[PDB]
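In the order they appear, the protein sequences are chains J and N.
Under the deposited numbering, residues 1 to 141, 147 to 200, 205 to 227 are what the first sequence spells out, in order.
Residue numbers for the second sequence follow the deposited numbering, so the first one is 1 and each next one is one higher.
Where is the CB? At the ideal position from N, CA and C, for every residue including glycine.
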Amino acid sequence: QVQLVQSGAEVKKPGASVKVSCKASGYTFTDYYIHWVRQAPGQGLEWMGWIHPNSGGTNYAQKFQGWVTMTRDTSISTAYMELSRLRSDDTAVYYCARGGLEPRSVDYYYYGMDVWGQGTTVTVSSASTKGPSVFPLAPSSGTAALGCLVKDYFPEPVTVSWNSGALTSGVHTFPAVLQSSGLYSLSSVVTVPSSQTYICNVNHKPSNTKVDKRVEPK
Amino acid sequence: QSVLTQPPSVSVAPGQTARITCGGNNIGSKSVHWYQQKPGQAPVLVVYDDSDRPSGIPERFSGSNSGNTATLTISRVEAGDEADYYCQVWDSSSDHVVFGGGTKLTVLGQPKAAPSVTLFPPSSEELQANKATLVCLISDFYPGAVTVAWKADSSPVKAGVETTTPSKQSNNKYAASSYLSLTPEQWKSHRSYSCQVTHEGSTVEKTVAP
């Protein structure tokens, strides 16, 4: 269970700054360097730099050195990364990965990045966090429709389940669309037998919004 | 510093053999690593130290590196092998780690698959809220190209329409969605609304009415 778990999505105004965390478990934290990789939407991978969890020594890519600050706390096996004076260009997924063995050595004992965080999405925007409306999408109708429309929210992401984790299979939750408004919208819909109160648990953490919506046939 | 270069895209028929290359200066003496990234997921190290494979990776993934080129060879490629492939080295000269720019791999030879279309009208909840929004949800189709047309009373509608790009599901086929926003009236004014999606020359229509 060798694992790196990063903190959740963040949204900051331009000029602000952010600290992202990456927690190691399942191996000795001080046995490997921690690296950070940027990936802006639709782009490729960029090495930002690394840190020795043992010494705290750091090394930065040209492009990222000076406005990026990597630290760490060995007592909880967590690597942090700070991004200062954010701009829109900075919107991206940020990974931590584990690669390279201690100690230093004249030649780097580096065998690629073998274990990766799940990435953290950092969005830079001046838009204000808004909660979604959640409307019911009754079925018409064998299999039935039934669904839930989450409308005009900001920002990504949003986590819907069905009937409190109960109804899983059949649940298709679609990748959101970006509207002209700047607000996102997606729908989660469940194909079911035509022949049981169906509720969809929608939750938009960033606006502290959680609605429950029962979907009944008209 | 050093810079790694890969061909942006490479294509192979299924079961054939894919050769992905990673060009760099004296890279033959640098030790290359390879990552596989599928959309919305973290990269996976598939080969390292020139040609070693992490536990769980099949021997059909091999690698070599010599001169001014490292190569990732994947034998008997499957549809499940579509991803972006990134090469990578540690460059002692700069003391920096460097990524290649990535290589798209496509396996042209999968079965055609027609879009499943599902459509919903506006909620009264929404209409009492003085709004109105229609929901057309295309799923389960391959290839990943699909065009969506919105009809009201046999006439096309452009405004209000927002269509997602073709995303990729668990079943390695695609899905998209179009959203139609209208005033409560225009919904009530028209006999019906229809969302028609065209794929590989055949069209699938669904219709809805107040």
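Exposed or buried, what is N:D84 when buried is set at 16 or more other beta-carbons lying within 10 Å of its beta-carbon? Taking the first residue of the second sequence as 1, we reach residue 84 of chain N at position 84. Here N:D84 is buried, its C-beta having at least 16 other C-beta atoms within 10 Å.
Please decide whether N:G101 counts as near chain J, where near means a Cβ-Cβ distance under 7 Å. Within the second sequence, residue 101 of chain N is the residue found at index 101, counting from 1. For N:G101, a Cβ of chain J is located within less than 7 Å of the residue's own Cβ.
Using a Cβ distance threshold of 8 Å, determine whether the segment 158–165 of chain J contacts the segment 205–220 of chain J, with at least three qualifying pairs required. Result yes; three or more Cβ-Cβ pairs closer than 8 Å.
Could one say the Cβ of J:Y158 lies closer than 7 Å to chain N's Cβ atoms, at least one of them? Against the first sequence, residue 158 of chain J aligns to sequence position 153. No, J:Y158 does not count as interfacial toward chain N.
Anything in chain N within Cβ reach of J:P136, meaning under 7 Å, just list it in chain order. Along the first sequence, one-based indexing puts residue 136 of chain J at 136. Contacts between J:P136 and chain N, judged by CB atoms closer than 7 Å, involve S123 and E125 in chain order.
For N:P166 and N:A176, believed in contact at Cβ under 8 Å, the rounded distance: The residue labelled residue 176 of chain N in the question sits at position 176 within the second sequence. The residue labelled residue 166 of chain N in the question sits at position 166 within the second sequence. Confirmed, Cβ separation roughly 5 Å.
DSSP bridge partner residues for N:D84 (one or two, in chain order): Along the second sequence, read from residue 1 onward, the residue named residue 84 of chain N stands at position 84. Paired residues: N:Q37 and N:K104.
Using a Cβ cut-off of 8 Å, which residues of the segment 140–162 of chain N contact any Cβ in chain J, in chain order? Here the close residues are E162.
Tell me, please, whether the CB atom of J:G57 is closer than 7 Å to any CB atom in chain N? Position 57 of the first sequence holds residue 57 of chain J. For J:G57, the answer is no, since every Cβ of chain N falls outside 7 Å of its Cβ.
Boundaries of the alpha helix (DSSP H) in which N:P184 is found, first to last residue: Working through the second sequence from its first residue, we reach residue 184 of chain N at position 184. For N:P184, the uninterrupted alpha helix (DSSP H) segment begins and ends at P184 to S189.
Run through chain N and tell me which residues come within less than 8 Å of J:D31, C-beta to C-beta. For the purposes of this step, residue 31 of chain J is taken as residue 31 along the first sequence, with counting starting at 1. For J:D31, no chain N residue has a Cβ inside 8 Å of its Cβ, as the nearest lies near 17 Å away.
Would a check of beta-carbon distances place N:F61 closer than 7 Å to chain J? For this step, residue 61 of chain N is matched to residue 61 along the second sequence. By this cut-off, N:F61 is not an interface position.
What residue range does the beta strand (DSSP E) around N:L127 cover? By 1-based counting over the second sequence, the position of residue 127 of chain N is 127. Taken as a continuous stretch (DSSP letters only), N:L127 belongs to no beta strand (DSSP E), being part of the alpha helix (DSSP H) at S124 to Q128.
Rounded to the nearest angstrom, what separates N:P156 and N:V148 at their Cα positions? Within the second sequence, the letter at position 156 stands for residue 156 of chain N. Within the second sequence, the letter at position 148 stands for residue 148 of chain N. Approximately 11 Å between the Cα atoms of the pair.
Whole angstroms are fine: how far does the CA of J:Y32 sit from the CA of J:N59? Along the first sequence, read from residue 1 onward, the residue named residue 59 of chain J stands at position 59. Along the first sequence, read from residue 1 onward, the residue named residue 32 of chain J stands at position 32. So the alpha carbons of these two residues sit roughly 14 Å apart.
Contact the segment 177–184 of chain J vs the segment 168–185 of chain N: 3+ CB pairs below 8 Å: Yes, the segment 177–184 of chain J touches the segment 168–185 of chain N.
Beta-carbon within less than 8 Å of N:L4's beta-carbon, same chain only, minus the 5 sequence neighbours each way: which residues are those? Position 4 of the second sequence holds residue 4 of chain N. Same-chain partners within the cutoff: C22, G23, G24, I27, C87, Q88, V89, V98, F99, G100 and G101.
Just to confirm before moving on: does the CB-CB distance between residue 233 of chain N and N:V208 stay below 7 Å? This structure cannot settle anything about residue 233 of chain N, because the visible part of chain N is limited to 1 through 210.
Using DSSP bridges, identify the partner residues of J:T129. For the purposes of this step, residue 129 of chain J is identified with residue 129 of the first sequence, where counting begins at 1. In the DSSP output, where bridge partners are listed per residue, J:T129 has none listed.
Residues that J:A149 bridges to, as DSSP identifies them: What you label residue 149 of chain J is simply residue 144 of the first sequence in a count that begins at 1. J:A149 is bridged to J:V197.
Would you say J:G26 lies against chain N (beta-carbon separation less than 7 Å)? Translated into the one-based positions of the first sequence, residue 26 of chain J becomes position 26. Output row for J:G26: interface = no.
Taking buried to mean at least 16 other C-beta atoms within 10 Å of its own C-beta, is J:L151 buried or exposed? Within the first sequence, residue 151 of chain J is the residue found at index 146, counting from 1. That one is buried.
N:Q128, buried or exposed, once every other Cβ within 10 Å from all chains shown has been counted against 16: To locate residue 128 of chain N, count along the second sequence from 1; it is residue 128. Exposed, because fewer than 16 other Cβ atoms sit within 10 Å of the Cβ of N:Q128.
Would you kindly check if the distance between the Cβ of N:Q37 and the Cβ of N:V46 is under 7 Å? Within the second sequence, residue 46 of chain N is the residue found at index 46, counting from 1. Within the second sequence, residue 37 of chain N is the residue found at index 37, counting from 1. It is not a contact, given that the beta carbons lie outside the stated cut-off.
Check the Cβ-Cβ distances between J:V182 and every residue of chain N, and say whether any is below 7 Å. On the first sequence, position 177 is the one that residue 182 of chain J refers to. Yes, because at least one Cβ of chain N sits closer than 7 Å to the Cβ of J:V182.
Assuming J:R38 and J:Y94 are in contact, meaning their beta carbons sit under 8 Å apart, how far apart are those beta carbons, in whole angstroms? For the purposes of this step, residue 38 of chain J is identified with residue 38 of the first sequence, where counting begins at 1. For the purposes of this step, residue 94 of chain J is identified with residue 94 of the first sequence, where counting begins at 1. Taking a contact as a CB-CB distance under 8 Å, the pair J:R38 and J:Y94 counts as one, their CB atoms being some 6 Å apart.
For N:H96, which beta-bridge partners are listed by DSSP? Translated into positions along the second sequence, residue 96 of chain N becomes position 96. N:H96 has N:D91 as its beta-bridge partners, per DSSP.
Secondary structure of N:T133, DSSP reduced to three states: Translated into positions along the second sequence, residue 133 of chain N becomes position 133. In this structure, N:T133 counts as strand in the three-state DSSP scheme.
For N:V107 versus N:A145, is the C-beta distance shorter than 7 Å? As a working mapping, residue 107 of chain N is identified with position 107 in the second sequence. As a working mapping, residue 145 of chain N is identified with position 145 in the second sequence. Taking 7 Å as the Cβ cut-off, N:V107 and N:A145 do not qualify as a contacting pair.
Extent of the continuous beta strand (DSSP E) to which J:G42 belongs: The residue labelled residue 42 of chain J in the question sits at position 42 within the first sequence. Counting along the chain, J:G42 falls outside any beta strand (DSSP E), and DSSP gives it neither H nor E.
Less than 7 Å between CB atoms is the rule here; does J:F64 satisfy it with respect to chain N? Stepping through the first sequence from its first residue, residue 64 of chain J is reached at position 64. Cβ-Cβ to chain N under 7 Å: no for J:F64.
Reduced DSSP category for J:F159 - H, G, I as helix; E, B as strand; rest coil: Numbered from its first residue, the first sequence carries residue 159 of chain J at position 154. J:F159: strand per DSSP, three-state reduction.
Whole-number beta carbon distance between N:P43 and J:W116, since they are thought to touch under 8 Å: In the first sequence, the residue the question calls residue 116 of chain J occupies position 116. In the second sequence, the residue the question calls residue 43 of chain N occupies position 43. That belief holds up - the Cβ atoms of J:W116 and N:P43 are roughly 6 Å apart, short of 8 Å.
Cross-chain neighbours of J:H52 in chain N, by beta carbon under 9 Å: In the first sequence, counting from the first residue as 1, residue 52 of chain J sits at position 52. Within chain N, no residue comes near J:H52; the closest Cβ sits about 13 Å away, beyond 9 Å.
Using 6 Å as the cut-off, classify the Cβ of J:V211 as near or not near the heavy atoms of the ligand GDP, replying yes or no. Here there are no bound small molecules, and the ligand GDP is not part of this structure.
Mapping the DSSP letters down to three states, classify J:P53 as helix, strand or coil. For the purposes of this step, residue 53 of chain J is taken as the residue at position 53 of the first sequence. Three-state DSSP puts J:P53 in coil, outside helix and strand.
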